[PDB]
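A lone chain, given as structure tokens: the form deposited in one PDB entry.
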């Protein structure tokens, strides 16, 4: 569970060179291509490149299956759960992950950074255990590990906290700390000294507890940050650093893997976490609760014809009053969601549930439907559910401008507020992770902003990671990540005007 097999800055020829020179039959590595990826596997003394497409909904292993994360794909195939057979029939077997040495995707690596800058950052934002690695300014080629140790966090003036700088020599492509073991990369060195902290001569234990947070920003300055991330790419490096931490979120999904529930998932290997699974009071639905660390969400898949009734049971049980569909019924020739709502003015029964379609309202980017949900046998249980069906989301990538999405979310939020103590807001697309995660993260950040104003801190990676711990693969592509950033920027600018 390390994910050292993903090389962010490698190309096809370099991957072939690595697999043949420093590898053996069974060695594999994943690499990024424009939005797609490649799994290069050594077999029979040669290399085979399998394409992995991710347009925004899921990872598509050509000749394989759909996955919410590259980590889960590699796990699925290494552990023999599935066999990556080729069109010929011969099995392509993953065996030995060829570890990468590039640290640009590590949370704690800040190349362009001086000693005084790093010490100032640690004094300001770091606490006990906060650490970072930087390039040595006095020794070109070597590095420096700056670690803080003390009692409290912040720029204290009592001598209880302090910053220590440990030199890291890079000799013959191997990293050491002036003596002892020589590690194959900065990552191995950092992990070793995380497990086995250094002890100073007088007792001080240099604990590498958490990396120094460099992503939390004040909203007012997002503009600058965006430019700082636009000058490889800033957005790309930050999103890849976020992806690197996906192997720490492979939680249990046994309920979705049950044989009774197989037919209730649109995609086989995209399942809900057990600890945030939506339980029905026939208890299974591919849905998860998303709770920001007041308004909660339900992230779920597009309805299957055999799950519409369970979907409406969920909406009723959870007392949800707002639904957000971010996909049309068919995309690029494939079906992504079954029509689960009645035609305008019509009334339809889904199992024990009943749904009237009172009125519809066609907007530029979306359609609003005022449905009335009730339970057959008791009319007192009639309630109004407002379905906001977004229709102008491109089949590939993300919108070019976030204004439509922002007004959409603003209306959704006002509607959710109009109903007192309303249940979670249901949000779904196809697999319920890509567009769903993007919309939910944007809604969370914009709610923070609207409540606390411009004078507040926002952390996009932290929010996305908190949401990913509740459903696998929330926010799928770097395009959606940059779109989140740009939508926050646009909302800040509109509020400032």
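Residue numbers count along the first chain shown, from 1.
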Q) Unmodelled deposited residues between residue 293 and residue 294: none, 1 to 3, 4 to 9, or 10 or more? A) 10 or more
Q: Could you tell me how many residues of the deposited sequence sit unmodelled between residue 334 and residue 335 (none, 1 to 3, 4 to 9, 10 or more)?
A: none
Q: Averaging only over Cα atoms, indicate whether 199 to 207 or 403 to 411 has the higher B-factor in the PDB entry.
A: 199 to 207
Q: Using only the Cα atoms and their B-factors as the entry lists them, report which of 133 to 141 and 186 to 194 averages higher.
A: 133 to 141
Q. From 110, 264, 313, 254, pick the one with the largest CA B-factor in the entry?
A. 254
Q. Which of these has the highest Cα B-factor in the record: 424, 272, 377, 103?
A. 377
Q) C-alpha B factor of residue 31, ranked within the chain: lowest, middle or highest third? A) lowest
Q. Lowest, middle or highest third: where is residue 467 by C-alpha B factor in its chain?
A. lowest
Q) According to the PDB entry, is the CA B factor of residue 49 in the bottom, middle or top third of its chain, that is, lowest, middle or highest? A) lowest
Q. Of the three thirds of its chain by CA temperature factor, lowest, middle or highest, which one includes residue 372?
A. middle
Q: Would you please rank residue 318 by its C-alpha temperature factor against the other modelled residues of its chain and give the third it falls in: lowest, middle or highest?
A: lowest
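Beyond what is shown, the protein has a form deposited with a small molecule bound; the following relates to that form.
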Q. So in the deposited bound form, does residue 59 come within 4.5 Å of the small molecule, heavy atom to heavy atom?
A. yes
Q: Using a 4.5 Å heavy atom cut-off, state whether residue 297 contacts the small molecule in the deposited bound form.
A: no
Q: Report yes if any heavy atom of residue 310 sits within 4.5 Å of a heavy atom of the small molecule in the deposited bound form; otherwise report no.
A: no
(Q) If we define contact as a non-hydrogen atom of the residue within 4.5 angstroms of the partner, is residue 446 a contact of the small molecule in the deposited bound form? (A) no
Q: Could you tell me which of 185 to 193, 241 to 249, 370 to 378, 137 to 145 sits within 4.5 Å of the small molecule in the deposited bound form, going by non-hydrogen atoms?
A: 241 to 249
Q) Within 4.5 Å of the small molecule in the deposited bound form, heavy atoms considered, which of 105, 161, 320, 301? A) 105
Q: Tell me, out of 284, 316, 350, 236, which residue has a non-hydrogen atom within 4.5 angstroms of the small molecule in the deposited bound form.
A: 236
